[PDB]
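Peer 1: pasting the sequence and an experimental structure:
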Amino acid sequence: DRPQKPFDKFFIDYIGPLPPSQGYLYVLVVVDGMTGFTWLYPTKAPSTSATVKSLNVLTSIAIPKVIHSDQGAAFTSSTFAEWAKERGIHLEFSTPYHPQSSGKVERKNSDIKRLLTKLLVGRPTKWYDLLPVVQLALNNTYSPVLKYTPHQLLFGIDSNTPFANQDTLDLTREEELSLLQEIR
Amino acid sequence: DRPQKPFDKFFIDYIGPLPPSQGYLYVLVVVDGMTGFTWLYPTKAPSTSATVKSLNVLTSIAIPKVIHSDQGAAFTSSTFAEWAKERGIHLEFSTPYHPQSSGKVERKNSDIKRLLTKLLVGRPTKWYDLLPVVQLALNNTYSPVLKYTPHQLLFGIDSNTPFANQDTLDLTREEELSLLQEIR
Amino acid sequence: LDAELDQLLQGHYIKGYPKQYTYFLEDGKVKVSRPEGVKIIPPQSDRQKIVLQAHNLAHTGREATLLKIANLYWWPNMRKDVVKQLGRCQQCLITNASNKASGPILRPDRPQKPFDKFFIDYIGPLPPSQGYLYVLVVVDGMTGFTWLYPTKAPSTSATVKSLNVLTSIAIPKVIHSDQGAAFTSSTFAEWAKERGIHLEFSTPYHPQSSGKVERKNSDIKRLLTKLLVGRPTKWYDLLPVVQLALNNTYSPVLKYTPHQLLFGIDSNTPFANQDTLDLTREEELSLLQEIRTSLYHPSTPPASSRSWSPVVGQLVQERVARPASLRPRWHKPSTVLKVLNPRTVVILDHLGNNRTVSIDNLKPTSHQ
Amino acid sequence: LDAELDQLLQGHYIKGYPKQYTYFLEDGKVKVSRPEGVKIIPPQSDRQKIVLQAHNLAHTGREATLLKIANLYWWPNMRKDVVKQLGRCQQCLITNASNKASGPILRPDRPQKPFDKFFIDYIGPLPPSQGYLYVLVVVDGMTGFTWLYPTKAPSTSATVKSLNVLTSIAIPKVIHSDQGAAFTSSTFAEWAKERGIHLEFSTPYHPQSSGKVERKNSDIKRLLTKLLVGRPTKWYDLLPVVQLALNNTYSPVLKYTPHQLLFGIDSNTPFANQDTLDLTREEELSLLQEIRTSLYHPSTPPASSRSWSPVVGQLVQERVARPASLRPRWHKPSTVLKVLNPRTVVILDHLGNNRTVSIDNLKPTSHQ
DNA sequence: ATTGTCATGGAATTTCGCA
DNA sequence: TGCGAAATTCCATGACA
DNA sequence: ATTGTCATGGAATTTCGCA
DNA sequence: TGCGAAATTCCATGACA
Ligand SMILES: CC(C)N1C[C@H](C)n2c(c(O)c3c(=O)n(Cc4ccc(F)cc4)nc(N(C)S(C)(=O)=O)c32)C1=O
Ligand SMILES: CC(C)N1C[C@H](C)n2c(c(O)c3c(=O)n(Cc4ccc(F)cc4)nc(N(C)S(C)(=O)=O)c32)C1=O
Ligand SMILES: [Mg+2]
Ligand SMILES: [Mg+2]
Ligand SMILES: [Mg+2]
Ligand SMILES: [Mg+2]
Ligand SMILES: [Mg+2]
Ligand SMILES: [Mg+2]
Ligand SMILES: [N+]
Ligand SMILES: [N+]
Ligand SMILES: [Zn+2]
Ligand SMILES: [Zn+2]
C-alpha cells in the first residue's frame, strides 16, 4: 500500500441551519484526509445544487480522487453523481446512522463545530465575514499527532499567520448564559 | 552683376472682373521673372486682403526677393507693405500709366490673357475649374528665346505633361461671333 | 495496434521499440520499465486520442503537451505524434503568436526625379481648428518636399480638391497611398486616370510601405507641438508655416533641404544658401542633376538570426487587422501564390481571393 | 564683441581665429575668406541671436541648425554656441524623442516561498458576460499559481471581496500591484494593514514591473480565445476552467506546473504525475523544498551599445503618461535624488515632489 | 519608496541504442 | 568508441491595455 | 498587384591649425 | 609628420494612428 497524500480523499459535510448571515444558512465543510486542511463554503441550503456550485470553486483549485460523506440527500442524488463522474471523482458513503472518517478528520470536524459555536455567540449573524479567519485558524492549528499544521503539510512551508494563541475553544460563563438566552 | 535666378522677382497683377465662377471674379497672376513660371489665384476682389490671402499660399512654397507690380490700390496699400516687410520682400512699382516688366514677362502675360479669353468663351463660368490646366499649359509651353519651358527652368527636369499641341490661341470664327453675343 | 503489442509481449523485436527494455502485461495494459519509471504503452489506435486530450487541457505547444503525456505513457517517437496534432489544431494555429521574425527590410531606390512619385496620407483626427480635423500630407519621393492641406474629413472629395490645387504646379507619374477609404474609392481612380497619374497602393495595414510620408507626419506633428506649447491647439493657421519650415530644413545625412533638391536654389527665406550666386541658372541646374544622382542611399540591414522567408506554395497566415476582444489574431492558413519580392507576397486565402500582403503581416503556419 | 573684431582687422592675432586666413571689412561687416566661400563674422554680442533665429525656423537639432548658420556666417566654435541654445529650448527639450536606450533589465530573485509575494492586476473591459466586465488576476510569485476573479468593475470593493476569498487559504507577506485606482485607495491600504500584508507598488505606467501577472494575463486571454473560437464570447463560465488548466500546465524551462510548485503533488487531474507515489508526504515535501531552490533563474542581458545610466543630481525628464494630441511627450526637466537601482530612480520634479520612477519612463536631458 | 516574464517551435546540442 | 536519429535543451520572438 | 524613413545627439573618426 | 582640439561623420533610437 502507498502512503496517504493530499487530495487522496476529501471529507465533506454540512453544518446548519444557522442564523441568517448575508442570507446564508449552512456551511459546507471540506477537509482533506491526509493534511487535515479545511475549506468552508457558505450555502443557502444543503441541496445538491449548492454543493455543486461550491465544490465547483474548490475543484477549480484541486480535485480529490475520492470524496467521502454520509448519506445526505444532497450527496446521494444522481445529479451529484453525474458531477463526480464528469470530474473522475469516486464517491464514498458511510453506512447510514454510522459516520466513519479517521481520527484526524473526526477531531477536525469537532474543532470546526466548536470553533463556529464559540464565535457565533455574541454575534450570531456576522459569521459570513468570519469564515476566512476561521479557516486560517483551523489550518494554522498545530496537530498533536503529526508535528505539523495542515498549512505546513499542504504547502511544505511555515505560514505567515501562525496562530500561537491556541485558544480555550470552550464557552466562558458569559457566553454560556448568552447562548441560553438566544434560544430562550 | 550676378545672373538672373528663380525667385529673384515675382511679377504680380490682377485680371478682371470676370463672369462669376464659383463666386470668384478676378485672377491674381504671378510670374517668376527668370523662369517665366506662372501661378494663378482666383479672388473675389482685387483688394489687399485677397492679395495677401493668395500670396500667403504661394509664399508658403517659395518667397521672392522682390515683388513687382503696377500702382494698383491693392499693391500700394500700407497693409500690403507691412506684409512684404514682415516677409523680407522688397516691393517694386512701375511708374503710373507706364507698365514695365521684361520681354519674357510681357509675352507671358499676353499669353495668359489670350489663353483665358479663349477658354472662357463657350463656358464663361467654368474657369475656376480650369485654372489648374491653364497653369500646366502655360508652364509647359516652349520658350522661343530660351531653349526651355518654365517647368524645366524651375525644376531642371522634363515634365510629365508635355504640351506638344502648341495651340492656335486665336479665336475661331465660331468663337468670334460667340463672344460678340455674350456682350450683345 | 493490438497486433504490434502482441508480438512485443512474447519478446519479438519491433522497430522503434528498443529491445534492451523489458515489456510486460499488468492490469490488461502493456507496460515498459523506463529509466524515468514504468509507463503504459497504448496501442497505436489509441495514441491520437491521448495526444489530443493531453493537448486540449490548455492547448499547449510541443514540450508542455509532451510532458503531460510522459507522466503516464511511453511509445516510440511521441513528439512526432504530438506535432502531428499541433499542426491540426485550428485554434492553436490562429491564436498563437509567431516566433520567427521577418527578413530584413528593403530600401527601395529613391525616385529619380521630382514628381516621379508622390507619397500621401492623412493625419488626424486632430483637435478641431477652424472646424478642420485632418491634414492631407503629400511628400515628393525624390525631394521630400511636402504639401499640407487641412480637411474636415479624410475624404475623396477633400483629397480631390487638394490635389487639384497641388497638380496645378506639376503632374506626378505615380501617387502612392495606403488603402484608406479616400484613396481606394473609384472616384479617386477616375480622377487619377483622367490625368494619366498611376495609383500605387501599400499592402494593407503596413504604413512602413508609405514610410516617406509617414516619417514626414512625425516631423509635422513634432513642429506643430513645439509651436503650440502653452497655447491652445489652433493648428490650422500654422500649417503654411510648418510646410515652409520643414521644406527648408536640412537633412544632415544629405546636406540638402527638400526645397534645394526641388529647385536647386534657395528662395528668399532666412539663412538662404548663396553658394551658386555666380553660376548661371543653366550651370546651377547642371550641378543640381549631379547632386540628385549622388545622394546617399541606405542598404538593407542584416537578417535577424531567426527570420523566415516566404516560398511559393507555403502555408502562411495573415494577421487579423482590427481583432475584436478575445478573438484570434490570425486568419486561417493560406497559400503563397507568388513571391513579388523577399518582403511582399500574393496569397490565396481559403475563400479564395488573391491578396497582396506584407511579410510583416504574415506568419508561416507552424508544424507544416 | 566690437573690441575683438577691431584688433582682428588690423592683422593682430585673437585666440580661436586662425591667422592663416585673411579677415576684411566690406559693407560695414567683418568677413573672412573660407575654403567654403566668404562668410560674415558677427560680433560676439550678436551670436546668440543668430543661433536662435537659425534654430527657431524649424526647431532643428545640432547639425541642421549649424548648416543654416553656416550659409551666411563663420565664427570660432559655432556648434558650442549651437548646443548652448539647444540646451535652453524648453520646447525642443520636452517634445523631442530620446535617442539613448535604457540599461539592461533586472531579473529580480524569484520569491523564495509560496505566499511571499502576490502580483495582481486587472484585465478588461472584456465583452460583458453575465454582466461581468473585468478579471482580477492573482499570481503567486514563487509558484506562478493563479487565481481568477470576475468583477463588474476594477474597484477596491471588488478587489476586497475577491482577496477575502483567496486569503482564506493563506495570507501573503506582500502584494505587488501597479498604481490602478483599485490598489492605491486608502480602503485597500487599511484592508492590507489589518492583515499584516505589505503593499508594494510598481513605478507608474511600467507594467513590466508587474511582469509575473502581466505575462499570465496573456496566457489567460490566449486560452480564453482558443476556447471561444466560433462561439459567442461567454467567458464568465470559463474562468474556473482556465484557472485550473493554466495552474496545471508545464513550464518547459522549469519542468514543473504551478500546482506542483505549490503542493509538491498533482491532484486528481488528467495525466497526473505519479513519480512520488512511494515517498511519504514528508519525503515528498523534502524533495519539493529542493526543487523550489534549484529552479532556473535568468540573468540580466547585455546592455545595448547606446544605453544610459542614471547618476545622482542629473537632469532627466519623465515621460508624459497620457499625452493629449499635439502636446509634448515629456515633462519638464527634473533632478535624480536617489538611484534605488540601475533601473529605478527617485526624482525631484520642479513642483517639486519626490517621484519613484522607472528608467524606461525617463530620458536624460540633452546638452546638459 | 523599487526591480520583466515565459509559452513557443525550429535549430543546436546532447544522449540513446546499438555495435 | 563511433554512427544516425531521437530527445532534450537552447533561445529569439512577441505580447501581457 | 509591390518594397521604411530619417531627425537626433553622443561617440567615433577625420581634418585642421600649427609646427 | 605629429600633436590636441575642432569638425564632421557615424549610427542606434524611436515614432510616423
Ligand atoms: C484605415 C486606413 C487603411 N489606414 C490604416 C492603417 C491604420 N494606417 C493608416 C495610417 O495613416 C497609419 C499610420 O500612420 N500608422 C502609424 C505608423 C506605424 C508604423 C510606421 F512605420 C509608420 C506609421 N499606422 C497605421 N496602421 C496601418 S497600423 C500599423 O496602426 O495598422 C496606419 C491608414 O490610413
Ligand atoms: C491605470 C492603471 C494605473 N494602469 C495603467 C497602465 C495603463 N497599465 C495597467 C495595466 O494593467 C497595464 C497593462 O497590462 N499594460 C500592458 C503591458 C505592456 C507591457 C508589458 F511588459 C506588460 C503589460 N500596459 C499598461 N500600461 C501601463 S501602459 C505601458 O499602457 O502605460 C498597463 C494599469 O492597470
Ligand atoms: Mg451530514
Ligand atoms: Mg493691374
Ligand atoms: Mg493613412
Ligand atoms: Mg499614416
Ligand atoms: Mg493593471
Ligand atoms: Mg496589466
Ligand atoms: N527599387
Ligand atoms: N532581488
Ligand atoms: Zn490547440
Ligand atoms: Zn527648439
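Peer 2: Nice, I can see it. Numbers count the residues shown, from 1 in each chain, chains lettered A, B, ... in the order given. Ligands and ions are numbered 1, 2, ... in the order given.
Peer 1: for chain A, what lies in contact range of chain D?
Peer 2: Neighbours of chain D within chain A, by CB under 8 Å from any CB of the partner chain: A:2-7, A:34-35, A:39-40, A:56-57, A:59-65, A:87-89, A:131-132, A:135-136, A:139, A:151, A:153-157, A:159-161. Any C-beta I mention is one placed from the backbone N, CA and C, and that applies to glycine too.
Peer 1: show me those that map onto strands.
Peer 2: Judged by DSSP state E, the residues of chain A next to chain D include A:39-40 as members of strands.
Peer 1: could you pick out the buried ones from the residues of chain A next to chain D?
Peer 2: A:5-7, A:34-35, A:39-40, A:59-64, A:89, A:131-132, A:135-136, A:139, A:151, A:153-157, A:159-161 (16 or more other CB atoms under 10 Å in any protein chain shown).
Peer 1: looking at these, which are in helices?
Peer 2: Residues of those located in helices (DSSP state H): A:131-132, A:135-136, A:139, A:151, A:153-155.
Peer 1: those: which two are farthest apart?
Peer 2: The largest separation in those, counting by CB to CB, is between A:131 and A:153 at 21.3 Å.
Peer 1: tell me which stretches of the stretch 1-150 of chain C form strands.
Peer 2: Using DSSP state E, counting those that start in this stretch, the strands of the stretch 1-150 of chain C run over residues C:23-26, C:29-34, C:37-40, C:101-102, C:117-123, C:134-140, C:146-151.
Peer 1: which one, of those strands, ends up nearest to ligand 6?
Peer 2: strand C:117-123 (4.3 Å; CB to the ion).
Peer 1: contacting residues around that closest one?
Peer 2: Strand C:117-123 is contacted by residues C:111, C:134-142, C:151, C:154, C:159, C:172-178, C:180, C:182-183, C:200, C:207, C:210-214, C:217, C:220-221 when judged by CB atoms under 8 Å, 6 or more residues apart in numbering or on different chains.
Peer 1: longest single helix anywhere in the chain?
Peer 2: All of this refers to chain A. Max-length helix for chain A by DSSP H is helix A:103-120.
Peer 1: that was the other one, I meant chain C.
Peer 2: Secondary structure of chain C read by DSSP H shows that its longest helix is helix C:211-228.
Peer 1: do it and DNA strand G meet?
Peer 2: Yes - using CB under 7 Å from any atom of the strand, helix C:211-228 reaches DNA strand G at C:211-212, C:214-216, C:219.
Peer 1: same check, this time on stretch C:295-309
Peer 2: Yes - using CB under 7 Å from any atom of the strand, stretch C:295-309 comes into contact with DNA strand G via residue C:298.
Peer 1: what comes up buried for that stretch?
Peer 2: residue C:308.
Peer 1: same thing with stretch C:129-142?
Peer 2: Applying 16+ other CB under 10 Å to stretch C:129-142 flags C:129, C:132-142 as buried.
Peer 1: same deal with stretch C:312-331?
Peer 2: C:314-319, C:326, C:328-331.
Peer 1: same question for stretch C:224-240.
Peer 2: Under 16+ other CB under 10 Å, the buried positions of stretch C:224-240 are C:224-228, C:233, C:235, C:238-240.
Peer 1: same question, stretch C:244-263
Peer 2: By neighbour count on 16+ other CB under 10 Å, the buried set for stretch C:244-263 is C:244-251, C:256-263.
Peer 1: and that stretch, end to end?
Peer 2: 14 Å (CA to CA, to the nearest Å).
Peer 1: and that stretch with chain B, contact?
Peer 2: Yes - applying CB under 8 Å from any CB, one finds stretch C:244-263 in contact with chain B at C:244, C:247, C:259, C:262-263.
Peer 1: what comes up buried for stretch C:47-57?
Peer 2: Neighbour-count burial for stretch C:47-57 [16+ other CB under 10 Å]: C:47, C:50-51, C:54-57.
Peer 1: that stretch vs chain A: in contact?
Peer 2: No - Stretch C:47-57 stays clear of chain A (CB under 8 Å from any CB), getting no nearer than 12.1 Å.
Peer 1: what does the stretch 201-350 of chain C put close to DNA strand F?
Peer 2: C:304-307, C:329.
Peer 1: from those, which is closest to chain A?
Peer 2: Proximity of these to chain A (CB to the nearest CB) peaks at residue C:329, which lies at 27.1 Å.
Peer 1: how close does the residue lying closest to residue C:68 once chain neighbours are set aside sit to DNA strand E?
Peer 2: In this structure, residue C:68 finds its nearest non-sequential neighbour in residue D:271, 4.1 Å apart by CB to CB, 6 or more residues apart in numbering or on different chains. According to CB to the nearest atom of the strand, to the nearest Å, residue D:271 and DNA strand E sit 14 Å apart.
Peer 1: for residue D:271, give me its contacts.
Peer 2: C:53-54, C:57, C:68-69, C:71-72.
Peer 1: just give me the neighbour total for residue 109.
Peer 2: Reading this off chain A. Neighbour count of residue A:109, defined by other CB atoms under 10 Å in any protein chain shown: 18.
Peer 1: that's the other chain; I wanted chain C
Peer 2: Neighbour tally, residue C:109, other CB under 10 Å: 8.
Peer 1: next, count neighbours for the nearest residue to residue A:37 once chain neighbours are set aside.
Peer 2: Closest residue to residue A:37 apart from its sequence neighbours, by CB to CB, 6+ apart: residue A:150 at 3.9 Å. Using other CB under 10 Å, residue A:150 is surrounded by 26 other residues.
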